[PDB]
Structures are given as C-alpha cells and as structure tokens.
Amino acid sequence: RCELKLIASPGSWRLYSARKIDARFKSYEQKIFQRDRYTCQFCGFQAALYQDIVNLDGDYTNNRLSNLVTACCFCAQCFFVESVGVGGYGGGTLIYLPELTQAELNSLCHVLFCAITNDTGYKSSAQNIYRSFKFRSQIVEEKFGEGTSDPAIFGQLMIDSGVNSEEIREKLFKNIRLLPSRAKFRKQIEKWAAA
C-alpha cells in the first residue's frame, strides 16, 4: 500500500512526460511492470495496457528502480493535478469526499466504470454512485471559487501562488479527491474489457 496524494508542481509533469518517450525508459519500464505483476501499487487495479510509472519521492530525475512503482492512470494523474485534462492528459474533477480515501475511490471507479460500460445489471446503481460523487464538486467551488473543481485551475492557483510547503498542501487538499473522468477515459475503459 503506497501513499496517494494530490500534488501540483510546476515541472514534475514535464519531466514525467518527457521520460515517457525516452528510449532508455522503455527498457526498465517493463521491469517495473513485471515486478509489480502489472498491478497499480496504489489502488490495486491490474491491466496489461495503459499502466503508468510514478516516482515515490516525486522526483522524476531519480529513476532508480526502488523509486518506481506501477500506477494506473486514475492514480498516476493524482501526482500531476495541474496537468489533468490539459492537452489530452487524463481528466477528472476535484470533489469533497471525506467518506473514501483516494485509493478506495480509484479502485471503486474502476469497478463502477466497468459496470457501466458492460451492463450486467448494475449500470444504474453504478451511475447513481458516480453522479453522487461528481455532485460533490460544488463544495470545492463554494470554498475556493467558481471553476476551481477543475484540477488544472486549482493546481495552477497553488503553483502561481507559490504554495511550497507540505503542510499547506495537506490543508488545501484535505478530504478532497480527484474523481477520474469516465468520459475522458472511455478509450481505456473499453480497451481494458476487450483486453
């Protein structure tokens, strides 16, 4: 059980995004996938396709294997709040959800989205839950202002305000979760079921 947190930083995503097309990276990328049994080390979701590599210390210049863990895309994007939904990178909404941890929400959303794309009888229940989650974005905007449930906006506000310390970041994100976007992940959700 690795620790999920919401991180907004000026340049981590750029290092992480550039590493992803580096050739030396694709070498050891498969080593991490194999070591972790293609399993997200934050929520437990398993898949052969679309898994990501995140860095435990948040430092994307430190790519020794003991700092790298497999992460699904719902969990990976938590470490790049400011980039979520920017340039086609993932997608999500910040919500006030003290009732679930981020990891619990992410593993549940994998279950909900599969139940919605492949109805066996639980699509309606799954939609009802996801919609109640998404409704909780309004409490975030009542606190921080209109539009700020958009993670790209919220994360840019923190970065441009110079928010540096862990103590301040913890308070701002207290009981806030990044709810992954079923719409933006439709390609992944469907391909995970066929594959």
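Numbering starts at 1 and follows the sequence shown.
Exercise. Once you work out the mean C-alpha B-factor for both 140-148 and 23-31 from the entry, which is higher?
Worked result: The recorded data point to 23-31.
Exercise. Is the mean CA B factor in the deposited entry higher across 105-113 or across 80-88?
Worked result: The stretch with the larger mean CA B-factor is 80-88.
For this session: Among all modelled residues of this chain, ranked by Cα B factor, put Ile7 in the bottom, middle or top third, i.e. lowest, middle or highest.
Result: Within its chain, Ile7 is a lowest-third residue by C-alpha B-factor, going by the deposited values.
Exercise. C-alpha B factor of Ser66, ranked within the chain: lowest, middle or highest third?
Worked result: Its C-alpha B-factor belongs to the lowest third of this chain's values.
Exercise. What third of its chain's C-alpha B-factors does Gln41 belong to: lowest, middle or highest?
Worked result: Lowest third - that is where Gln41 ends up once the chain's C-alpha B-factors are sorted.
Exercise. Going by the entry, which third of its chain does the Cα temperature factor of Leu15 land in?
Worked result: Middle third of the chain for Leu15's C-alpha B-factor.
Exercise. For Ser165, does the deposited CA B-factor place it in the lowest, middle or highest third of the chain?
Worked result: Highest third - that is where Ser165 ends up once the chain's C-alpha B-factors are sorted.
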